[PDB]
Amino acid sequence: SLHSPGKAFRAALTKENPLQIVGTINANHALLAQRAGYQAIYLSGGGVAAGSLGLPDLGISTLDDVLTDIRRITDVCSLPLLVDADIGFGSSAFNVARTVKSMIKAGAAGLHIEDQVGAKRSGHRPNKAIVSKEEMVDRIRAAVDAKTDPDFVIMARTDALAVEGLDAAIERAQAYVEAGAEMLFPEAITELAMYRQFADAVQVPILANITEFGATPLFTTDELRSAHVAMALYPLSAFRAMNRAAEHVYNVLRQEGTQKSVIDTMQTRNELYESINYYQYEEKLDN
């Protein structure tokens, strides 16, 4: 009996409510998240683009850019990884299927696909365009049919709220779930009551994207639990703090000609080694 990351994700959902899922920009951070106690992690599409590629989150990253990060993370971290698969990386069902099979093989526990048109953008940006309900239903059907591991999770994300309104978005959500979506990700929700409306309407686990500096308030896990949201996602939180800290080191070093004044803000060598189990490896070499 082989281990299923998808089965581990589903199990995590039953043990934590809402299940906190944090984005992990790279393998090192996945280990840090695990050491912090999280039971599930996330590979942000915006993070692969802005972090790994230094590019805008506008459909520029490819399937392989993402697979590279999935392998890096899952090769060392045992926590189930939910992956942002944007629109499936292609214009047809064959592309969606290749995406699902490849991510399962790379080690992911699940993925979400959204209803945006080709060159997608952040759900917290204006002027987004979405495909017809029927088109997304076909994306979803193709994804579910491609599952090689029955416990792998296929989540549907809808960006329809800001575009067509709440009722239209709920209607799409119901159609997406009827089409096979196993969990729902209603993006950029502005009021807590909306999560409850979605939850009651589709009756499958609901994910709340609590990302910073967007259209969504910073809801607490208590508030989210009261609206019956199954998981709380913090997609780029650590990434944002890491960038400010790195920027600070770069500026100080440039202005002062030494990093002495920011040593206090750095993870120590020992803390790094502890994080990656360094001593156990070096001891083996020494012997």
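Heads up: residue numbers just count along the shown sequence, starting at 1.
Undergrad: Which has the higher mean CA temperature factor in the PDB entry, 109-117 or 196-204?
TA: Higher of the two, by average CA B-factor, is 196-204.
Undergrad: Decide which of the stretches 265-273 and 7-15 has the higher mean C-alpha B-factor, going by the entry.
TA: Higher mean C-alpha B-factor: 7-15.
Undergrad: Of the choices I170, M103, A143, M155, which one's C-alpha carries the largest B-factor in the record?
TA: The listed residue with the largest C-alpha B-factor is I170.
Undergrad: Looking at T211, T74, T99, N127, which has the highest CA B-factor as recorded?
TA: In this record, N127 carries the highest C-alpha B-factor of the candidates.
Undergrad: Could you place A85 in the lowest, middle or highest third of its chain by Cα temperature factor, using the values in the record?
TA: As the PDB entry reports it, the C-alpha B-factor of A85 lands in the lowest third of its chain.
Undergrad: Is the Cα B-factor recorded for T68 in the lowest, middle or highest third of its chain?
TA: Within its chain, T68 is a lowest-third residue by C-alpha B-factor, going by the deposited values.
Undergrad: Sorting the chain's modelled residues by C-alpha B-factor, tell me whether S44 ends up in the lowest, middle or highest third.
TA: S44: CA B-factor falls in the lowest third of its chain.
Undergrad: Please rank the C-alpha B-factors of the chain's modelled residues and tell me whether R244 sits in the lowest, middle or highest third.
TA: Answer is lowest: the recorded C-alpha B-factor places it there.
Undergrad: Which third of the chain does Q255 land in by C-alpha B-factor: lowest, middle or highest?
TA: As the PDB entry reports it, the C-alpha B-factor of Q255 lands in the highest third of its chain.
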